[PDB]
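Since the structure comes first, as structure tokens, the remarks are kept for the end.
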Amino acid sequence: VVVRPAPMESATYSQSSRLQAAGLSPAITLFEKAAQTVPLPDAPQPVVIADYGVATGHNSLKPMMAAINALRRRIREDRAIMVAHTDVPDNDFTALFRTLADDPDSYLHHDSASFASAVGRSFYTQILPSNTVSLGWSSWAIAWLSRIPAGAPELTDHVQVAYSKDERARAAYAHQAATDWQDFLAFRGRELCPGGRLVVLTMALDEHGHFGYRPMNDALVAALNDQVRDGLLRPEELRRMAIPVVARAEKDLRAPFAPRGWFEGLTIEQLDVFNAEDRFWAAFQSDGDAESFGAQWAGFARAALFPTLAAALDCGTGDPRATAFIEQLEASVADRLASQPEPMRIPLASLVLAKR
Amino acid sequence: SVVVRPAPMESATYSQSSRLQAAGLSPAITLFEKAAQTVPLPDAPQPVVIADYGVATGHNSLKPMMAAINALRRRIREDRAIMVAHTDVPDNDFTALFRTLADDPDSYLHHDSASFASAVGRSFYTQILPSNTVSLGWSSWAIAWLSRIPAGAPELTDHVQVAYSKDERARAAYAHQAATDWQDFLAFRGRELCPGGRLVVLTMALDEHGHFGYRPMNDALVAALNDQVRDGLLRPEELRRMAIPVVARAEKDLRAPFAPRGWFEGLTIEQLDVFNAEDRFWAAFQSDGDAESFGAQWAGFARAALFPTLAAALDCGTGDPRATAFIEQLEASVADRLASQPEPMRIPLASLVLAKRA
Ligand SMILES: Nc1ncnc2c1ncn2[C@@H]1O[C@H](CSCC[C@H](N)C(=O)O)[C@@H](O)[C@H]1O
Ligand SMILES: Nc1ncnc2c1ncn2[C@@H]1O[C@H](CSCC[C@H](N)C(=O)O)[C@@H](O)[C@H]1O
Ligand SMILES: CCCCCCC[C@H](O)CC(=O)O
Ligand SMILES: CCCCCCC[C@H](O)CC(=O)O
């Protein structure tokens with residue numbers, strides 16, 4: 001009865017996550033810096049790196065490689081480095097291991113003493129042994145709520161609570177986000193080695209409290225309403241639809257720590273809130289290709305958001321009706337955004353956390 | 001890829017269809033538990049690592065893992081971390097594994113508060129864990145699977161088991177592949193185990209007289225596959241392509257890397273037993289006389305473990321409804337054939353304890 005979000009669309013995520021990759025780029029630098037200076041386990045104990053919310057692994061290759069290269073300048077070439085990639089049980093881990101084996105950029109192909117493992121258990125509980133993780137990485141994952149909050153009203157705007165006019169919905173989602181953030185920190189706080197570092201990149205509210213992706217939100221809500229208008233989607237199904245993704249303001253990220261600035265042995269060593277460059281807009285300004293613009297944005301939304309939407313359908317998620325819903329929705333959202341291209345705000349927060 | 005590999009178990013049914021495997025590995029659990037009493041454990045804050053090589057869905061791993069964990073808890077503090085690293089091929093259903101570990105009441109995660117689980121989706125014929133980190137290794141019903149159909153080996157005319165082939169060249173090719181696979185497995189486990197660590201292996205054996213066993217099963221499967229061709233459900237070309245690269249090993253084969261001085265890549269055979277598992281399906285049939293249940297149990301066993309590899313030979317996709325129909329009909333036919341004439345079968349197994357040099 002605890003309703004959870006759906007994992008990324010395995011078949012398209014690696015090809016539809018260029019936005020996420022561009023956005024996390026600044027956090028890689030922080031992660032690399034952390035790897036250069038973090039206290040290390042006593043030799044020859046393996047150095048453990050944890051990647052919280054891996055999906056298909058495609059976007060993990062760059063940050064993992066950056067950390068490993070930094071560590072190699074500090075340790076013997078034969079010393080083991082273990083990367084623990086974590087996600088939910090229903091993530092496609094076969095896709096992950098194929099990425100790790102097949103992608104030329106995989107750290108497995110660049111470092112003969114690196115190892116990979118997967119953990120398919122929610123990161124809102126402790127999932128790794130205490131005091132073992134030297135370096136933690138988590139990008140575009142903690143914005144996902146553990147659940148649609150208990151007793152929260154159905155979102156009439158469906159796709160994002162930030163754009164809802166229902167006061168009770170906003171508070172329910174915000175409380176769930178606060179609880180999840182506390183839980184995430186509590187358990188990473190146990191998993192990290194003393195002196196260990198954790199780098200988090202997540203969806204933020206900008207300085208003016210805004211979520212962003214406004215034209216995307218509009219195009220998605222309009223595309224969903226068109227399907228119920230066309231009789232393709234049932235009104236009962238649309239009412240059920242909700243994407244439990246939550247952005248956090250700077251005060252929300254500091255909440256567990258204030259006022260003394262420590263929470264469960266963890267402190268914020270660095271925090272940045274910024275707006276990621278809108279690369280799809282930059283490309284559109286350059287080549288004037290409106291269709292490509294629509295397809296870029298639609299693909300991003302499909303791989304990340306549509307499985308959660310498709311889970312509200314009466315039929316199973318493996319049903320041919322669900323595939324048709326996905327494809328039609330992607331095509332519609334593409335058309336709307338292509339017809340009037342605009343820049344979008346992509347607000348992010350990057351944090352470096354340290355353990356006592 | 002030109003290297004043709006076997007297929008993983010059918011995750012939809014393996015947990016319901018692996019009672020034969022579970023009953024067969026039972027004696028190896030005692031060996032594993034005993035090893036857990038004395039193996040060296042790594043320095044703080046490292047977790048004790050137990051490696052499970054060839055996990056499939058995890059269903060049959062729960063009892064061995066718990067035995068080891070219970071033994072370790074008689075030695076160390078309750079708050080010491082134990083990590084179980086479950087390994088399989090990349091195309092194993094690891095979602096099914098993590099669902100087993102979350103949902104099955106027998107899961108060690110539900111019985112031990114400081115135990116953890118991880119998955120490694122890389123062939124165990126390479127090194128897949130950090131050197132010297134594994135205190136206890138476990139592998140049941142996994143190393144009988146060849147790394148590949150041997151290069152240049154002739155097509156099997158009976159498809160489902162090389163031991164029943166009349167082709168000398170095919171038998172030699174599979175035997176050589178099995179021998180090199182075993183060397184590889186041992187070489188890389190020898191690196192992964194800590195000094196003084198122990199690895200318990202349970203695998204398909206040839207009995208005292210060189211026999212593979214499952215003879216009535218073999219006959220039913222071959223006959224059923226021929227029926228599908230005859231009935232226009234299977235192309236002759238598809239059947240020609242079918243081969244299950246499972247190999248049983250005699251005592252001499254298991255000892256081969258070690259002979260004559262007893263060591264190979266830092267490992268030695270501490271204990272080896274070869275035995276025939278009690279045929280529980282036969283025992284049940286003797287008790288209740290239910291021929292249909294007998295056929296269904298044997299057919300379900302074969303389906304979960306063997307049919308995915310057979311289905312891989314089809315001209316259609318493995319996601320195609322035709323592959324699903326093939327599997328279902330093959331199961332029904334084998335079930336009917338065995339139900340019609342229930343017979344006991346030999347299930348030859350070898351259980352080994354390997355020790356890494358102190
Ligand atoms: N409670 C939870 N535990 C573990 N993973 C979770 C989670 N909630 C969401 N996720 C995962 O977080 C991922 C978001 S996609 C982010 C993938 C990658 N880190 C990148 O930067 O592109 C998805 O795989 C989703 O399944
Ligand atoms: N080279 C290889 N590397 C890793 N796993 C392998 C392998 N070859 C076969 N396997 C796995 O071995 C398993 C055989 S089924 C055995 C499952 C369980 N150990 C039990 O006793 O019941 C399958 O999951 C198969 O995918
Ligand atoms: C208007 C809704 C748009 C929200 C966009 C959410 C983007 C996801 O966080 C990406 C991801 O999880 O990898
Ligand atoms: C005659 C053919 C009988 C082969 C029986 C093979 C049994 C498999 O090893 C079981 C498994 O992998 O879990």
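For the structure tokens, the naming scheme is as follows: chains receive sequential letters (A, B, ...) according to their order of presentation, residues are indexed from 1 within each chain, and ligands are indexed from 1 in presentation order.
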
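For residue 212 in chain B, the set of protein, DNA and RNA residues having any atom at most 7 Å away, when counting only C-alpha atoms and skipping those fewer than 2 positions along the same chain, is residues 163, 205, 206, 207, 210, 214, 248 and 348 of chain B.
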
At most 6 Å from ligand 4 (only C-alpha atoms and all ligand atoms): residue list as a ChimeraX atom specification: /B:141-142,160-161,214,217-218,305

Would you mind exporting the chosen residues as a PDB file, in the first residue's frame, restricted to C-alpha atoms?
ATOM      1  CA  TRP B 141      25.014 -26.179  -9.229  1.00  0.00           C
ATOM      2  CA  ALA B 142      26.883 -23.472 -11.180  1.00  0.00           C
ATOM      3  CA  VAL B 160      20.834 -31.752 -24.507  1.00  0.00           C
ATOM      4  CA  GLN B 161      23.908 -33.487 -23.067  1.00  0.00           C
ATOM      5  CA  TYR B 214      19.163 -38.342 -15.422  1.00  0.00           C
ATOM      6  CA  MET B 217      15.024 -37.285 -18.296  1.00  0.00           C
ATOM      7  CA  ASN B 218      17.520 -37.312 -21.168  1.00  0.00           C
ATOM      8  CA  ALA B 305      17.297 -24.705 -15.654  1.00  0.00           C
TER       9      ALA B 305
END

Write out as a compact mmCIF listing (two decimals) with N, CA and C atoms, in the first residue's frame every residue belonging to chain B that has an atom at most 10 Å from any atom of chain A, counting only C-alpha atoms.
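Done, and the output landed in part.txt:
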# COMPACT_ATOMS: atom_id res chain seq x y z
N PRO B 42 38.68 -10.78 8.05
CA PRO B 42 39.51 -9.62 7.75
C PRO B 42 39.50 -8.55 8.86
N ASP B 43 40.54 -7.71 8.87
CA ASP B 43 40.72 -6.66 9.87
C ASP B 43 39.67 -5.55 9.76
N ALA B 44 39.39 -4.89 10.87
CA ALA B 44 38.43 -3.78 10.92
C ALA B 44 38.85 -2.60 10.04
N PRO B 45 37.87 -1.87 9.47
CA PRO B 45 36.43 -2.09 9.57
C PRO B 45 35.86 -2.95 8.43
N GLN B 46 36.70 -3.77 7.80
CA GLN B 46 36.25 -4.58 6.66
C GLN B 46 35.13 -5.54 7.07
N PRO B 47 34.10 -5.68 6.22
CA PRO B 47 33.10 -6.71 6.51
C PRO B 47 33.67 -8.10 6.26
N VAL B 48 33.12 -9.11 6.92
CA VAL B 48 33.37 -10.49 6.54
C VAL B 48 32.64 -10.70 5.21
N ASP B 79 27.31 -6.76 15.99
CA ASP B 79 27.39 -5.55 15.17
C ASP B 79 28.48 -5.55 14.10
N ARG B 80 29.27 -6.62 14.03
CA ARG B 80 30.23 -6.78 12.94
C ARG B 80 29.48 -6.98 11.62
N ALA B 81 29.85 -6.22 10.60
CA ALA B 81 29.20 -6.37 9.29
C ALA B 81 29.63 -7.65 8.58
N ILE B 82 28.64 -8.36 8.04
CA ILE B 82 28.87 -9.46 7.10
C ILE B 82 28.26 -9.04 5.75
N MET B 83 29.05 -9.15 4.69
CA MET B 83 28.57 -8.85 3.34
C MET B 83 28.50 -10.14 2.52
N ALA B 85 28.19 -11.43 -1.16
CA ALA B 85 28.31 -11.02 -2.56
C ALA B 85 27.79 -12.16 -3.44
N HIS B 86 26.59 -11.97 -3.97
CA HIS B 86 25.96 -12.94 -4.87
C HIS B 86 26.41 -12.69 -6.30
N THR B 87 26.97 -13.69 -6.97
CA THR B 87 27.50 -13.45 -8.31
C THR B 87 26.75 -14.29 -9.35
N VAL B 89 25.94 -14.22 -14.08
CA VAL B 89 26.23 -13.59 -15.36
C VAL B 89 25.44 -12.28 -15.46
N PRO B 90 25.88 -11.35 -16.32
CA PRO B 90 25.19 -10.05 -16.40
C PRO B 90 23.70 -10.18 -16.72
N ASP B 91 23.31 -11.18 -17.51
CA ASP B 91 21.90 -11.31 -17.91
C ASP B 91 21.04 -12.11 -16.93
N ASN B 92 21.60 -12.47 -15.78
CA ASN B 92 20.79 -13.01 -14.69
C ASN B 92 19.76 -11.95 -14.28
N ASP B 93 18.61 -12.39 -13.77
CA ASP B 93 17.60 -11.47 -13.25
C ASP B 93 17.93 -11.08 -11.81
N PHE B 94 18.70 -10.00 -11.67
CA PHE B 94 19.09 -9.52 -10.35
C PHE B 94 17.94 -8.84 -9.59
N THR B 95 16.93 -8.37 -10.32
CA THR B 95 15.71 -7.88 -9.67
C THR B 95 15.04 -9.01 -8.89
N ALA B 96 14.93 -10.19 -9.50
CA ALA B 96 14.39 -11.36 -8.81
C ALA B 96 15.20 -11.68 -7.56
N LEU B 97 16.53 -11.57 -7.65
CA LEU B 97 17.41 -11.76 -6.48
C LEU B 97 17.09 -10.81 -5.34
N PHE B 98 17.07 -9.52 -5.63
CA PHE B 98 16.82 -8.55 -4.58
C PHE B 98 15.41 -8.63 -4.02
N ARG B 99 14.45 -9.03 -4.85
CA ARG B 99 13.10 -9.31 -4.35
C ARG B 99 13.08 -10.52 -3.41
N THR B 100 13.84 -11.57 -3.75
CA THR B 100 13.98 -12.73 -2.86
C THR B 100 14.55 -12.31 -1.51
N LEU B 101 15.62 -11.51 -1.55
CA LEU B 101 16.28 -11.10 -0.31
C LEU B 101 15.40 -10.19 0.54
N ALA B 102 14.53 -9.41 -0.10
CA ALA B 102 13.59 -8.55 0.63
C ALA B 102 12.36 -9.30 1.14
N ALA B 114 23.01 -7.06 10.99
CA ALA B 114 24.25 -6.51 10.44
C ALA B 114 24.80 -7.32 9.26
N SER B 115 23.89 -7.93 8.51
CA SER B 115 24.26 -8.58 7.26
C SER B 115 23.82 -7.72 6.09
N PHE B 116 24.61 -7.75 5.02
CA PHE B 116 24.36 -6.94 3.83
C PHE B 116 24.43 -7.81 2.58
N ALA B 117 23.86 -7.31 1.50
CA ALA B 117 23.78 -8.05 0.25
C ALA B 117 24.27 -7.21 -0.92
N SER B 118 25.02 -7.85 -1.81
CA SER B 118 25.42 -7.19 -3.05
C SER B 118 25.37 -8.18 -4.19
N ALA B 119 25.40 -7.67 -5.42
CA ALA B 119 25.36 -8.53 -6.59
C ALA B 119 26.52 -8.19 -7.53
N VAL B 120 27.10 -9.22 -8.12
CA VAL B 120 28.17 -9.06 -9.11
C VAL B 120 27.74 -9.77 -10.39
N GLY B 121 27.53 -9.00 -11.46
CA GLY B 121 27.05 -9.54 -12.73
C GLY B 121 28.17 -9.63 -13.74
N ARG B 122 29.15 -10.48 -13.45
CA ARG B 122 30.30 -10.71 -14.32
C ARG B 122 30.68 -12.18 -14.20
N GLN B 127 38.36 -12.97 -12.54
CA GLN B 127 38.36 -12.44 -11.17
C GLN B 127 37.34 -11.32 -11.07
N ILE B 128 36.44 -11.44 -10.10
CA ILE B 128 35.31 -10.51 -10.00
C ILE B 128 35.19 -9.84 -8.64
N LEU B 129 36.05 -10.24 -7.70
CA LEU B 129 36.13 -9.59 -6.40
C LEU B 129 37.58 -9.27 -6.06
N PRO B 130 37.81 -8.23 -5.23
CA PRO B 130 39.15 -7.86 -4.80
C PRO B 130 39.93 -9.04 -4.22
N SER B 131 41.21 -9.13 -4.58
CA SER B 131 42.09 -10.16 -4.04
C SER B 131 42.09 -10.17 -2.51
N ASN B 132 42.11 -11.37 -1.95
CA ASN B 132 42.26 -11.61 -0.51
C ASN B 132 41.12 -11.11 0.39
N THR B 133 39.93 -10.90 -0.18
CA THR B 133 38.83 -10.31 0.59
C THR B 133 37.72 -11.28 1.02

Residues contacting ligand 3 - anything with an atom at most 7 Å away, using only C-alpha atoms and all ligand atoms - can you give me those as a ChimeraX atom specification? /A:17,20,140-141,143,159-160,203,213-214,216-217,245,301,304-305

Compute the set of protein, DNA and RNA residues whose minimum atom distance to ligand 2 is at most 8 Å, using only C-alpha atoms and all ligand atoms, and state it as an NGL selection string. :B and (6-9 or 18 or 21-22 or 25 or 52-61 or 87-89 or 91-92 or 121-125 or 139-147 or 305)

Would you save the residues from that selection as a compact mmCIF listing (two decimals), in the first residue's frame, using N, CA, C and O atoms?
# COMPACT_ATOMS: atom_id res chain seq x y z
N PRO B 6 25.85 -20.15 -22.53
CA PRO B 6 24.55 -20.65 -22.09
C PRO B 6 23.64 -19.51 -21.63
O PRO B 6 24.10 -18.38 -21.46
N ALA B 7 22.36 -19.82 -21.43
CA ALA B 7 21.40 -18.84 -20.90
C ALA B 7 21.20 -19.02 -19.40
O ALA B 7 21.29 -20.14 -18.89
N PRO B 8 20.90 -17.92 -18.69
CA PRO B 8 20.61 -17.99 -17.25
C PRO B 8 19.30 -18.76 -16.99
O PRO B 8 18.61 -19.12 -17.94
N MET B 9 18.99 -19.03 -15.72
CA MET B 9 17.76 -19.77 -15.38
C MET B 9 16.54 -18.91 -15.69
O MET B 9 16.65 -17.68 -15.78
N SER B 18 13.34 -25.48 -8.14
CA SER B 18 14.72 -25.81 -7.78
C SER B 18 14.83 -26.63 -6.50
O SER B 18 15.85 -26.59 -5.80
N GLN B 21 17.65 -29.21 -6.78
CA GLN B 21 18.91 -28.55 -6.44
C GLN B 21 19.07 -28.35 -4.93
O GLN B 21 20.12 -28.65 -4.37
N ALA B 22 18.02 -27.85 -4.28
CA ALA B 22 18.06 -27.57 -2.84
C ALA B 22 18.36 -28.83 -2.03
O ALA B 22 19.15 -28.79 -1.08
N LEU B 25 22.13 -30.07 -2.55
CA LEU B 25 23.21 -29.28 -1.96
C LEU B 25 23.24 -29.39 -0.43
O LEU B 25 24.18 -28.94 0.22
N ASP B 52 28.92 -15.96 -3.08
CA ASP B 52 28.01 -16.98 -3.57
C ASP B 52 28.08 -16.97 -5.10
O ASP B 52 27.52 -16.10 -5.75
N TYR B 53 28.81 -17.94 -5.65
CA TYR B 53 29.14 -17.93 -7.08
C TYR B 53 28.09 -18.70 -7.87
O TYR B 53 28.06 -19.94 -7.84
N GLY B 54 27.22 -17.96 -8.55
CA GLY B 54 26.14 -18.55 -9.35
C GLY B 54 24.82 -18.54 -8.62
O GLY B 54 24.21 -19.58 -8.43
N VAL B 55 24.36 -17.35 -8.23
CA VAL B 55 23.19 -17.19 -7.36
C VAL B 55 21.81 -17.49 -8.00
O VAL B 55 20.87 -17.87 -7.29
N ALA B 56 21.69 -17.30 -9.31
CA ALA B 56 20.37 -17.25 -9.97
C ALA B 56 19.42 -16.29 -9.23
O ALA B 56 19.77 -15.13 -8.99
N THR B 57 18.25 -16.78 -8.81
CA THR B 57 17.24 -15.97 -8.08
C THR B 57 17.51 -15.77 -6.59
O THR B 57 16.79 -15.02 -5.91
N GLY B 58 18.51 -16.48 -6.06
CA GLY B 58 18.83 -16.43 -4.64
C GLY B 58 18.10 -17.41 -3.75
O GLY B 58 18.46 -17.58 -2.59
N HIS B 59 17.07 -18.08 -4.28
CA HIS B 59 16.20 -18.92 -3.47
C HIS B 59 16.98 -20.01 -2.71
O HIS B 59 16.78 -20.21 -1.51
N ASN B 60 17.89 -20.69 -3.40
CA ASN B 60 18.67 -21.76 -2.77
C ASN B 60 19.91 -21.29 -2.04
O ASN B 60 20.65 -22.11 -1.51
N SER B 61 20.15 -19.98 -2.02
CA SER B 61 21.30 -19.43 -1.32
C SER B 61 21.01 -19.13 0.15
O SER B 61 21.92 -19.07 0.97
N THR B 87 26.97 -13.69 -6.97
CA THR B 87 27.50 -13.45 -8.31
C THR B 87 26.75 -14.29 -9.35
O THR B 87 26.30 -15.39 -9.06
N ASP B 88 26.61 -13.73 -10.54
CA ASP B 88 26.07 -14.48 -11.67
C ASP B 88 26.53 -13.82 -12.96
O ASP B 88 27.42 -12.96 -12.94
N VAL B 89 25.94 -14.22 -14.08
CA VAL B 89 26.23 -13.59 -15.36
C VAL B 89 25.44 -12.28 -15.46
O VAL B 89 24.45 -12.11 -14.73
N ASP B 91 23.31 -11.18 -17.51
CA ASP B 91 21.90 -11.31 -17.91
C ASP B 91 21.04 -12.11 -16.93
O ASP B 91 19.86 -12.37 -17.20
N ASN B 92 21.60 -12.47 -15.78
CA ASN B 92 20.79 -13.01 -14.69
C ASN B 92 19.76 -11.95 -14.28
O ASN B 92 20.00 -10.75 -14.44
N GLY B 121 27.53 -9.00 -11.46
CA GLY B 121 27.05 -9.54 -12.73
C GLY B 121 28.17 -9.63 -13.74
O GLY B 121 28.17 -8.92 -14.74
N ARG B 122 29.15 -10.48 -13.45
CA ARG B 122 30.30 -10.71 -14.32
C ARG B 122 30.68 -12.18 -14.20
O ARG B 122 30.77 -12.69 -13.09
N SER B 123 30.94 -12.84 -15.33
CA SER B 123 31.28 -14.27 -15.33
C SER B 123 32.31 -14.65 -14.28
O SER B 123 33.36 -14.01 -14.18
N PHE B 124 32.04 -15.70 -13.51
CA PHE B 124 33.00 -16.14 -12.51
C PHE B 124 34.22 -16.89 -13.09
O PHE B 124 35.06 -17.40 -12.35
N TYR B 125 34.31 -16.94 -14.42
CA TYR B 125 35.52 -17.47 -15.06
C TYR B 125 36.59 -16.40 -15.23
O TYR B 125 37.59 -16.60 -15.93
N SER B 139 29.60 -22.25 -3.91
CA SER B 139 29.10 -22.36 -5.28
C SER B 139 28.38 -23.68 -5.48
O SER B 139 29.00 -24.75 -5.46
N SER B 140 27.07 -23.61 -5.68
CA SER B 140 26.28 -24.82 -5.90
C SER B 140 25.60 -24.82 -7.26
O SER B 140 25.00 -23.80 -7.65
N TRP B 141 25.73 -25.94 -7.97
CA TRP B 141 25.01 -26.18 -9.23
C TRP B 141 25.32 -25.15 -10.32
O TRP B 141 24.47 -24.88 -11.18
N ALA B 142 26.52 -24.56 -10.28
CA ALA B 142 26.88 -23.47 -11.18
C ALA B 142 28.05 -23.80 -12.11
O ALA B 142 27.98 -23.50 -13.30
N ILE B 143 29.10 -24.41 -11.56
CA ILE B 143 30.32 -24.63 -12.36
C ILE B 143 30.20 -25.76 -13.39
O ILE B 143 31.10 -25.97 -14.19
N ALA B 144 29.06 -26.46 -13.38
CA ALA B 144 28.77 -27.42 -14.43
C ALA B 144 28.49 -26.71 -15.77
O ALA B 144 28.60 -27.32 -16.83
N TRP B 145 28.13 -25.43 -15.71
CA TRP B 145 27.92 -24.65 -16.93
C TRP B 145 29.24 -24.21 -17.52
O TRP B 145 30.02 -23.48 -16.90
N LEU B 146 29.50 -24.67 -18.74
CA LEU B 146 30.66 -24.23 -19.50
C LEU B 146 30.61 -22.73 -19.76
O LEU B 146 29.53 -22.15 -19.89
N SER B 147 31.79 -22.12 -19.87
CA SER B 147 31.90 -20.69 -20.23
C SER B 147 31.31 -20.42 -21.62
O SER B 147 30.90 -19.30 -21.92
N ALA B 305 15.84 -24.65 -15.60
CA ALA B 305 17.30 -24.70 -15.65
C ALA B 305 17.85 -24.85 -17.08
O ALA B 305 18.91 -24.31 -17.38

Which residues of chain A come within 7 Å of ligand 1, and what is each one's closest atom pair and distance in Å (one decimal), counting only C-alpha atoms and all ligand atoms, sorted by chain and residue number, as JSON lines?
{"residue": "A:6", "atom": "CA", "partner": "ligand 1", "partner_atom_place_in_ligand_line": "26 (O)", "distance": 6.7}
{"residue": "A:7", "atom": "CA", "partner": "ligand 1", "partner_atom_place_in_ligand_line": "26 (O)", "distance": 3.9}
{"residue": "A:8", "atom": "CA", "partner": "ligand 1", "partner_atom_place_in_ligand_line": "24 (O)", "distance": 5.4}
{"residue": "A:17", "atom": "CA", "partner": "ligand 1", "partner_atom_place_in_ligand_line": "22 (O)", "distance": 6.0}
{"residue": "A:20", "atom": "CA", "partner": "ligand 1", "partner_atom_place_in_ligand_line": "22 (O)", "distance": 5.2}
{"residue": "A:21", "atom": "CA", "partner": "ligand 1", "partner_atom_place_in_ligand_line": "22 (O)", "distance": 6.1}
{"residue": "A:24", "atom": "CA", "partner": "ligand 1", "partner_atom_place_in_ligand_line": "21 (O)", "distance": 6.7}
{"residue": "A:52", "atom": "CA", "partner": "ligand 1", "partner_atom_place_in_ligand_line": "4 (C)", "distance": 6.3}
{"residue": "A:53", "atom": "CA", "partner": "ligand 1", "partner_atom_place_in_ligand_line": "12 (O)", "distance": 3.9}
{"residue": "A:54", "atom": "CA", "partner": "ligand 1", "partner_atom_place_in_ligand_line": "19 (N)", "distance": 4.6}
{"residue": "A:55", "atom": "CA", "partner": "ligand 1", "partner_atom_place_in_ligand_line": "24 (O)", "distance": 3.3}
{"residue": "A:57", "atom": "CA", "partner": "ligand 1", "partner_atom_place_in_ligand_line": "18 (C)", "distance": 6.6}
{"residue": "A:59", "atom": "CA", "partner": "ligand 1", "partner_atom_place_in_ligand_line": "22 (O)", "distance": 4.8}
{"residue": "A:60", "atom": "CA", "partner": "ligand 1", "partner_atom_place_in_ligand_line": "19 (N)", "distance": 6.2}
{"residue": "A:86", "atom": "CA", "partner": "ligand 1", "partner_atom_place_in_ligand_line": "4 (C)", "distance": 6.0}
{"residue": "A:87", "atom": "CA", "partner": "ligand 1", "partner_atom_place_in_ligand_line": "5 (N)", "distance": 3.6}
{"residue": "A:88", "atom": "CA", "partner": "ligand 1", "partner_atom_place_in_ligand_line": "4 (C)", "distance": 4.4}
{"residue": "A:91", "atom": "CA", "partner": "ligand 1", "partner_atom_place_in_ligand_line": "26 (O)", "distance": 5.8}
{"residue": "A:121", "atom": "CA", "partner": "ligand 1", "partner_atom_place_in_ligand_line": "3 (N)", "distance": 6.3}
{"residue": "A:122", "atom": "CA", "partner": "ligand 1", "partner_atom_place_in_ligand_line": "3 (N)", "distance": 3.5}
{"residue": "A:123", "atom": "CA", "partner": "ligand 1", "partner_atom_place_in_ligand_line": "3 (N)", "distance": 4.0}
{"residue": "A:124", "atom": "CA", "partner": "ligand 1", "partner_atom_place_in_ligand_line": "1 (N)", "distance": 5.5}
{"residue": "A:138", "atom": "CA", "partner": "ligand 1", "partner_atom_place_in_ligand_line": "19 (N)", "distance": 6.1}
{"residue": "A:139", "atom": "CA", "partner": "ligand 1", "partner_atom_place_in_ligand_line": "21 (O)", "distance": 4.3}
{"residue": "A:140", "atom": "CA", "partner": "ligand 1", "partner_atom_place_in_ligand_line": "16 (C)", "distance": 4.5}
{"residue": "A:141", "atom": "CA", "partner": "ligand 1", "partner_atom_place_in_ligand_line": "12 (O)", "distance": 3.7}
{"residue": "A:142", "atom": "CA", "partner": "ligand 1", "partner_atom_place_in_ligand_line": "8 (N)", "distance": 6.4}
{"residue": "A:144", "atom": "CA", "partner": "ligand 1", "partner_atom_place_in_ligand_line": "8 (N)", "distance": 4.9}
{"residue": "A:145", "atom": "CA", "partner": "ligand 1", "partner_atom_place_in_ligand_line": "8 (N)", "distance": 6.5}
{"residue": "A:146", "atom": "CA", "partner": "ligand 1", "partner_atom_place_in_ligand_line": "1 (N)", "distance": 5.2}
{"residue": "A:304", "atom": "CA", "partner": "ligand 1", "partner_atom_place_in_ligand_line": "15 (S)", "distance": 6.7}

Correct to one decimal, the distance CA of residue 290 in chain A-CA of residue 339 in chain A is 7.0 Å

In Å, rounded to a single decimal, give me how far CA of residue 343 in chain A is from CA of residue 23 in chain A.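 The value is 14.9 Å.
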
Have a look at CA of residue 35 in chain B and CA of residue 181 in chain B and let me know their distance in Å, one decimal.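 That distance, rounded to one decimal, is 24.7 Å.
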